[PDB]
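Scroll down for the structure; my scribbles are underneath it.
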Amino acid sequence: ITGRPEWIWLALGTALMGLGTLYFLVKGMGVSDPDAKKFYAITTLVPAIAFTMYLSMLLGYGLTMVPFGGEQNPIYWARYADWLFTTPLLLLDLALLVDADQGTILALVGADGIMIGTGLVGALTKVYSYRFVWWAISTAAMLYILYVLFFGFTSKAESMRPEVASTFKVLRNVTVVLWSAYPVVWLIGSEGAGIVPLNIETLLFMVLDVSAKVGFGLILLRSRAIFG
Amino acid sequence: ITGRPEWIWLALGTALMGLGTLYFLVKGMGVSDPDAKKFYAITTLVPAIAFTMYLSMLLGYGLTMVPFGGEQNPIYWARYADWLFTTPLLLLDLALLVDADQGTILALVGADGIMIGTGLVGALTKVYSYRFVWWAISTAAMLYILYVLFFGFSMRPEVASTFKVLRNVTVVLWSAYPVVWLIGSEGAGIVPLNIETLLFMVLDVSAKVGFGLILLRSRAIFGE
Amino acid sequence: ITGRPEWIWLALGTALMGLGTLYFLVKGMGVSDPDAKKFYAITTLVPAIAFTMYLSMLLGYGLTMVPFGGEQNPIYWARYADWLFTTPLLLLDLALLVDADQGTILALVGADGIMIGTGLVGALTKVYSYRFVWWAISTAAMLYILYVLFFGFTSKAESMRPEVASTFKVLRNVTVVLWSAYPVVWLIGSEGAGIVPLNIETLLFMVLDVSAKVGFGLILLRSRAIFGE
């Protein structure tokens with residue numbers, strides 16, 4: 001397990017997601033309000049799933065080798081299995097906060113599925129050039145998501161009660177800033193250009209993941225915005 | 001890319017699904033009615049997902065080789081990844097149009113999953129004879145879905161007329177899929193892969209973009 | 001098809017899930033109550049999905065080989081593809097009976113996904129010791145589910161009409177008993193310690209599966225509890 005330099009970040013990630021899950025689990029005990037139960041369920045599931053995928057990477061299961069650019073490249077595919085479930089859950093937290101229309105929720109979840117799915121195909125693609133075609137489609141989907149979060153129902157948040165509008169705006173900002181970093185890290189890291197070593201890329205995703213999951217959840221579950 | 005003769009149909013499919021997606025995206029802008037939003041979201045996602053899977057097939061990612069009949073057979077598995085998501089969305093469009101009960105929506109989506117899932121298992125199965133067992137199970141699931149669309153469902157006249165048209169389009173186009181599979185490279189191998197690819201492309205664009213044009217052009221999508 | 005000794009149990013499972021599916025399909029015909037329609041849809045899909053996965057195992061498609069402990073180990077991965085969909089559906093039946101809040105349903109479905117997903121990872125893991133780490137995580141998720149069924153639903157079912165309360169308690173007990181057996185069979189079977197041969201393990205899972213699906217469904221769909229109003 002300790003052979004590759006990035007093991008320490010995978011271990012740390014596993015530990016932080018695990019601790020985060022247990023905290024949210026305990027914190028959610030006794031909560032009887034139906035709306036709050038939804039938020040605790042969603043928000044506890046996110047780092048619980050991430051925990052399993054961090055462990056998969058730590059133990060070697062979530063790592064494969066993909067040929068491109070004339071070499072065999074180490075790819076952690078477990079990330080996508082994590083994000084496939086956790087990113088729409090995070091979007092669901094936001095959508096519930098502002099009471100979004102079901103059509104808008106479906107649009108977000110589907111666009112997010114496309115984003116992660118094309119990211120995965122890009123990550124596993126054996127023809128170097130095509131990798132970035134997938135990256136571009138995935139980024140278009142992300143920009144669509146960010147557009148909806150800002151110009152999609154941001155008006156609905158404003159016309160909610162102050163505690164909701166306020167918590168939403170904070171979490172929206174966190175989301176846009178943190179999520180926007182992912183395509184950059186992918187682009188300069190091992191999946192893409194190979195400018196940053198895998199060790200550092202893994203550290204970067206770990207810091208992003210923990211912030212976007214546990215950080216995000218702390219802010220959300222600490223707020224009275226979750227109560228109906 | 002140009003190495004496989006079917007590339008031209010995969011390229012055309014990619015372009016038409018993409019163009020269709022962009023059109024539905026723009027057309028859906030500034031739509032505020034909750035029900036209409038639902039239909040636009042569903043109907044826009046359909047060719048968006050199909051666009052990605054056509055591109056996957058065009059670029060070679062969504063192609064594999066399955067041994068059966070003593071040979072190595074080219075199988076585009078990407079189709080099932082597409083249909084797994086897009087066919088239930090299309091059924092959802094129809095179900096919402098008639099305000100179907102949740103139990104019925106679950107039955108349709110579930111049967112559809114079984115249809116595509118067994119289709120995929122058949123497509124990847126290495127014993128030639130068994131491939132057709134899976135085809136028969138999948139076809140039974142399709143027949144169940146068709147039965148429900150005709151017998152398993154009192155609505156305003158715009159809704160009733162758009163539904164009937166979309167249902168008939170669906171029943172006719174979907175029924176062609178099992179035939180194309182049976183005679184094509186996945187089944188008997190009577191029709192060569194480049195022609196089969198052309199056939200699925202015409203069917204897919206009609207069942208997705210054509211279907212969507214009829215639906216999103218109708219007043220049926222707006223909630224009284 | 002008869003080349004592996006467990007074939008007979010896979011054939012029997014296929015037939016029992018198939019028959020159960022056809023019986024539930026026919027029984028559900030003409031049911032117009034919206035609530036009952038949900039229960040029939042859920043409950044019929046369960047054995048229908050199980051039927052396809054039993055057939056996949058029977059035909060050899062849902063079998064792979066995984067090296068660990070100095071052997072090539074036969075692993076039926078099709079079980080996880082089955083359980084991934086059928087276990088959440090079974091949980092859904094229970095949740096609807098007691099009119100569970102959405103948040104509780106999502107918690108159950110999410111925990112169930114983790115249970116099956118980590119079970120699958122454990123099943124395919126080539127480092128022998130790590131297989132049991134996954135098993136333990138999966139078992140933790142199962143225990144969480146069982147906790148919810150007892151300290152979330154049993155409380156919400158008691159405050160319901162008597163037919164419902166009664167049918168739920170039976171189905172809850174059937175579920176807790178049967179589901180608890182799965183991690184044990186896995187642990188001592190081919191996926192784990194290898195104390196019980198594969199043919200016997202397949203018999204065990206078949207009896208459990210048929211009871212947990214068709215048995216469960218027979219108890220549920222016979223009850224008046226599936227009707228609303």
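Residue names in the structure tokens use chain letters A, B, ... in the order shown, residue numbers from 1 in each chain, and ligand numbers from 1 in the order shown.
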| field | Within 12 Å of residue 59 (chain B) using only C-alpha atoms, minus same-chain residues under 4 positions, as an MDAnalysis selection string | value | (chainID A and resid 121:122 125:131 133:134) or (chainID B and resid 1:4 6:8 10:11 14 52:55 63 76 78)
Those same residues, written as a PDB file, in the first residue's frame with C-alpha atoms?
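Wrote it out as out23.pdb, contents follow:
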ATOM      1  CA  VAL A 121     -14.625   7.957 -20.978  1.00  0.00           C
ATOM      2  CA  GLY A 122     -12.046  10.686 -21.371  1.00  0.00           C
ATOM      3  CA  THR A 125      -9.575   6.771 -23.689  1.00  0.00           C
ATOM      4  CA  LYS A 126      -6.602   5.211 -25.456  1.00  0.00           C
ATOM      5  CA  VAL A 127      -6.208   7.920 -28.127  1.00  0.00           C
ATOM      6  CA  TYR A 128      -4.528  10.899 -26.500  1.00  0.00           C
ATOM      7  CA  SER A 129      -6.197  13.592 -28.633  1.00  0.00           C
ATOM      8  CA  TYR A 130      -9.749  12.259 -28.151  1.00  0.00           C
ATOM      9  CA  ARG A 131      -9.280  12.497 -24.373  1.00  0.00           C
ATOM     10  CA  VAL A 133     -12.756  16.044 -26.759  1.00  0.00           C
ATOM     11  CA  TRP A 134     -14.383  14.222 -23.878  1.00  0.00           C
TER      12      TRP A 134
ATOM     13  CA  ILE B   1     -11.979   6.706 -37.655  1.00  0.00           C
ATOM     14  CA  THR B   2     -12.698   6.243 -41.371  1.00  0.00           C
ATOM     15  CA  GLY B   3     -11.384   2.672 -41.108  1.00  0.00           C
ATOM     16  CA  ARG B   4     -14.761   1.117 -40.398  1.00  0.00           C
ATOM     17  CA  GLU B   6     -20.095   2.353 -40.704  1.00  0.00           C
ATOM     18  CA  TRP B   7     -18.187   5.439 -39.513  1.00  0.00           C
ATOM     19  CA  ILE B   8     -20.232   7.646 -41.837  1.00  0.00           C
ATOM     20  CA  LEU B  10     -21.963   7.122 -36.677  1.00  0.00           C
ATOM     21  CA  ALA B  11     -20.720  10.582 -37.683  1.00  0.00           C
ATOM     22  CA  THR B  14     -23.449  12.189 -33.740  1.00  0.00           C
ATOM     23  CA  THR B  52     -22.258  11.058 -26.239  1.00  0.00           C
ATOM     24  CA  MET B  53     -22.806   7.387 -27.124  1.00  0.00           C
ATOM     25  CA  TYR B  54     -22.748   7.988 -30.883  1.00  0.00           C
ATOM     26  CA  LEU B  55     -19.478   9.848 -30.391  1.00  0.00           C
ATOM     27  CA  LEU B  63     -16.946  -0.994 -29.627  1.00  0.00           C
ATOM     28  CA  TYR B  76     -21.175  -1.807 -30.260  1.00  0.00           C
ATOM     29  CA  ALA B  78     -22.354   1.779 -26.360  1.00  0.00           C
TER      30      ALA B  78
END
| said: Which residues are close to region 21-25 of chain A, i.e. within 6 Å by only C-alpha atoms, leaving aside same-chain residues fewer than 2 positions away? Reply as a ChimeraX atom specification. | reply: /A:18-19,27-28,44,47-48
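Residues from chain B found within 9 Å of chain A are residues 34, 35, 36, 37, 38, 39, 40, 41, 42, 44, 45, 48, 49, 52, 56, 59 and 61 of chain B, counting only C-alpha atoms.
All of the residues in chain C within 9 Å of chain B are residues 34, 35, 36, 37, 38, 39, 40, 41, 42, 44, 45, 48, 49, 52, 56, 59 and 61 of chain C, where only C-alpha atoms were counted.
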With N, CA, C and O atoms retained, write the just-selected residues as a PDB file, in the first residue's frame.
ATOM      1  N   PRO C  34     -54.305   2.671  -6.906  1.00  0.00           N
ATOM      2  CA  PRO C  34     -52.975   3.255  -7.114  1.00  0.00           C
ATOM      3  C   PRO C  34     -51.910   2.729  -6.147  1.00  0.00           C
ATOM      4  O   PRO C  34     -50.797   2.414  -6.567  1.00  0.00           O
ATOM      5  N   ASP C  35     -52.239   2.637  -4.865  1.00  0.00           N
ATOM      6  CA  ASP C  35     -51.309   2.079  -3.889  1.00  0.00           C
ATOM      7  C   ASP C  35     -50.958   0.636  -4.237  1.00  0.00           C
ATOM      8  O   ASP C  35     -49.779   0.265  -4.272  1.00  0.00           O
ATOM      9  N   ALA C  36     -51.979  -0.178  -4.490  1.00  0.00           N
ATOM     10  CA  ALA C  36     -51.763  -1.602  -4.765  1.00  0.00           C
ATOM     11  C   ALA C  36     -50.928  -1.791  -6.034  1.00  0.00           C
ATOM     12  O   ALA C  36     -50.109  -2.702  -6.122  1.00  0.00           O
ATOM     13  N   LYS C  37     -51.133  -0.912  -7.005  1.00  0.00           N
ATOM     14  CA  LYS C  37     -50.368  -0.947  -8.239  1.00  0.00           C
ATOM     15  C   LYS C  37     -48.874  -0.794  -7.977  1.00  0.00           C
ATOM     16  O   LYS C  37     -48.062  -1.437  -8.638  1.00  0.00           O
ATOM     17  N   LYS C  38     -48.520   0.091  -7.044  1.00  0.00           N
ATOM     18  CA  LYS C  38     -47.126   0.306  -6.666  1.00  0.00           C
ATOM     19  C   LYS C  38     -46.525  -0.950  -6.079  1.00  0.00           C
ATOM     20  O   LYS C  38     -45.417  -1.358  -6.453  1.00  0.00           O
ATOM     21  N   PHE C  39     -47.252  -1.557  -5.149  1.00  0.00           N
ATOM     22  CA  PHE C  39     -46.797  -2.773  -4.489  1.00  0.00           C
ATOM     23  C   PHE C  39     -46.643  -3.938  -5.468  1.00  0.00           C
ATOM     24  O   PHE C  39     -45.677  -4.706  -5.386  1.00  0.00           O
ATOM     25  N   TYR C  40     -47.582  -4.064  -6.398  1.00  0.00           N
ATOM     26  CA  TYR C  40     -47.503  -5.134  -7.404  1.00  0.00           C
ATOM     27  C   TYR C  40     -46.333  -4.904  -8.357  1.00  0.00           C
ATOM     28  O   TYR C  40     -45.658  -5.856  -8.747  1.00  0.00           O
ATOM     29  N   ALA C  41     -46.126  -3.648  -8.753  1.00  0.00           N
ATOM     30  CA  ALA C  41     -45.044  -3.294  -9.681  1.00  0.00           C
ATOM     31  C   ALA C  41     -43.674  -3.612  -9.072  1.00  0.00           C
ATOM     32  O   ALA C  41     -42.842  -4.288  -9.680  1.00  0.00           O
ATOM     33  N   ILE C  42     -43.461  -3.113  -7.862  1.00  0.00           N
ATOM     34  CA  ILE C  42     -42.252  -3.398  -7.097  1.00  0.00           C
ATOM     35  C   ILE C  42     -42.018  -4.891  -6.930  1.00  0.00           C
ATOM     36  O   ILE C  42     -40.924  -5.424  -7.206  1.00  0.00           O
ATOM     37  N   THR C  44     -43.340  -7.561  -8.313  1.00  0.00           N
ATOM     38  CA  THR C  44     -43.220  -8.375  -9.514  1.00  0.00           C
ATOM     39  C   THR C  44     -41.856  -8.191 -10.174  1.00  0.00           C
ATOM     40  O   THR C  44     -41.290  -9.144 -10.711  1.00  0.00           O
ATOM     41  N   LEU C  45     -41.317  -6.973 -10.118  1.00  0.00           N
ATOM     42  CA  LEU C  45     -40.003  -6.683 -10.711  1.00  0.00           C
ATOM     43  C   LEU C  45     -38.888  -7.428 -10.004  1.00  0.00           C
ATOM     44  O   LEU C  45     -37.902  -7.792 -10.619  1.00  0.00           O
ATOM     45  N   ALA C  48     -38.510 -10.872 -11.304  1.00  0.00           N
ATOM     46  CA  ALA C  48     -38.255 -10.778 -12.740  1.00  0.00           C
ATOM     47  C   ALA C  48     -36.771 -10.514 -12.955  1.00  0.00           C
ATOM     48  O   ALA C  48     -36.140 -11.133 -13.790  1.00  0.00           O
ATOM     49  N   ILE C  49     -36.226  -9.589 -12.170  1.00  0.00           N
ATOM     50  CA  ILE C  49     -34.813  -9.278 -12.218  1.00  0.00           C
ATOM     51  C   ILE C  49     -33.996 -10.471 -11.746  1.00  0.00           C
ATOM     52  O   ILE C  49     -32.994 -10.827 -12.370  1.00  0.00           O
ATOM     53  N   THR C  52     -33.633 -13.120 -14.413  1.00  0.00           N
ATOM     54  CA  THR C  52     -32.633 -12.841 -15.440  1.00  0.00           C
ATOM     55  C   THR C  52     -31.240 -13.137 -14.926  1.00  0.00           C
ATOM     56  O   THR C  52     -30.392 -13.598 -15.669  1.00  0.00           O
ATOM     57  N   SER C  56     -28.522 -15.928 -16.086  1.00  0.00           N
ATOM     58  CA  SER C  56     -27.169 -15.523 -16.436  1.00  0.00           C
ATOM     59  C   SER C  56     -26.148 -16.444 -15.761  1.00  0.00           C
ATOM     60  O   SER C  56     -25.167 -16.853 -16.367  1.00  0.00           O
ATOM     61  N   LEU C  59     -26.352 -19.966 -17.454  1.00  0.00           N
ATOM     62  CA  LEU C  59     -25.718 -19.979 -18.761  1.00  0.00           C
ATOM     63  C   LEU C  59     -24.229 -19.643 -18.727  1.00  0.00           C
ATOM     64  O   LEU C  59     -23.564 -19.697 -19.751  1.00  0.00           O
ATOM     65  N   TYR C  61     -22.732 -16.782 -18.089  1.00  0.00           N
ATOM     66  CA  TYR C  61     -22.387 -15.379 -18.328  1.00  0.00           C
ATOM     67  C   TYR C  61     -22.018 -14.622 -17.030  1.00  0.00           C
ATOM     68  O   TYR C  61     -21.102 -13.794 -17.015  1.00  0.00           O
TER      69      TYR C  61
END
| task | Using only C-alpha atoms, determine which residues of chain A fall within 8 Å of chain C; present them as a ChimeraX atom specification. | result | /A:34-35,37-42,45,49,52,59,61
Output C-alpha atoms for every residue in that selection, as a PDB file, in the first residue's frame.
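Here's the written file again02.pdb:
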ATOM      1  CA  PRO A  34     -38.846  15.423   7.607  1.00  0.00           C
ATOM      2  CA  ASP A  35     -36.997  18.095   5.604  1.00  0.00           C
ATOM      3  CA  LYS A  37     -33.942  14.090   7.568  1.00  0.00           C
ATOM      4  CA  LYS A  38     -33.657  14.464   3.788  1.00  0.00           C
ATOM      5  CA  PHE A  39     -30.641  16.772   4.131  1.00  0.00           C
ATOM      6  CA  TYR A  40     -28.908  14.540   6.691  1.00  0.00           C
ATOM      7  CA  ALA A  41     -29.508  11.444   4.557  1.00  0.00           C
ATOM      8  CA  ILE A  42     -28.128  13.083   1.407  1.00  0.00           C
ATOM      9  CA  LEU A  45     -24.350   9.471   2.066  1.00  0.00           C
ATOM     10  CA  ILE A  49     -19.674   6.780  -0.680  1.00  0.00           C
ATOM     11  CA  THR A  52     -15.597   3.545   0.046  1.00  0.00           C
ATOM     12  CA  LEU A  59      -6.097  -0.717  -1.555  1.00  0.00           C
ATOM     13  CA  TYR A  61      -8.683  -1.865  -6.517  1.00  0.00           C
TER      14      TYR A  61
END
| DSSP strand (DSSP E) residues within chain B, listed as a ChimeraX atom specification | /B:63-68,71-76
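Using only C-alpha atoms, the residues found no farther than 9 Å from residue 97 (chain C), other than those of its own chain fewer than 6 positions away, are residues 39, 157, 164, 165, 167, 168, 225 and 226 of chain C.
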Store the residues picked out above, limited to N, CA, C and O atoms, as a compact mmCIF listing (two decimals), in the first residue's frame.
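Just written: part.txt:
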# COMPACT_ATOMS: atom_id res chain seq x y z
N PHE C 39 -47.25 -1.56 -5.15
CA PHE C 39 -46.80 -2.77 -4.49
C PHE C 39 -46.64 -3.94 -5.47
O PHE C 39 -45.68 -4.71 -5.39
N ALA C 157 -45.08 2.14 11.84
CA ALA C 157 -46.06 1.12 11.45
C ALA C 157 -47.10 0.89 12.54
O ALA C 157 -48.27 0.63 12.25
N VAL C 164 -51.94 -3.20 8.15
CA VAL C 164 -50.62 -2.71 7.79
C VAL C 164 -49.60 -3.08 8.86
O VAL C 164 -48.60 -3.73 8.57
N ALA C 165 -49.87 -2.67 10.09
CA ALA C 165 -48.95 -2.93 11.19
C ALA C 165 -48.58 -4.40 11.24
O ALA C 165 -47.41 -4.76 11.44
N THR C 167 -48.88 -6.83 8.73
CA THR C 167 -48.15 -7.30 7.55
C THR C 167 -46.71 -6.79 7.57
O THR C 167 -45.76 -7.54 7.27
N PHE C 168 -46.52 -5.54 7.96
CA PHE C 168 -45.17 -5.00 8.07
C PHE C 168 -44.31 -5.81 9.04
O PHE C 168 -43.18 -6.17 8.73
N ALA C 225 -53.17 -5.06 3.20
CA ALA C 225 -52.37 -3.88 3.54
C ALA C 225 -51.87 -3.09 2.32
O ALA C 225 -51.47 -1.95 2.47
N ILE C 226 -51.91 -3.69 1.14
CA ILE C 226 -51.39 -3.03 -0.06
C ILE C 226 -52.38 -2.02 -0.65
O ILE C 226 -52.01 -1.23 -1.51
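Counting from CA of residue 185 (chain A), the distance to CA of residue 14 (chain A) is 20.0 Å.
Atom pair CA of residue 172 (chain A) / CA of residue 146 (chain A): separated by 9.0 Å.
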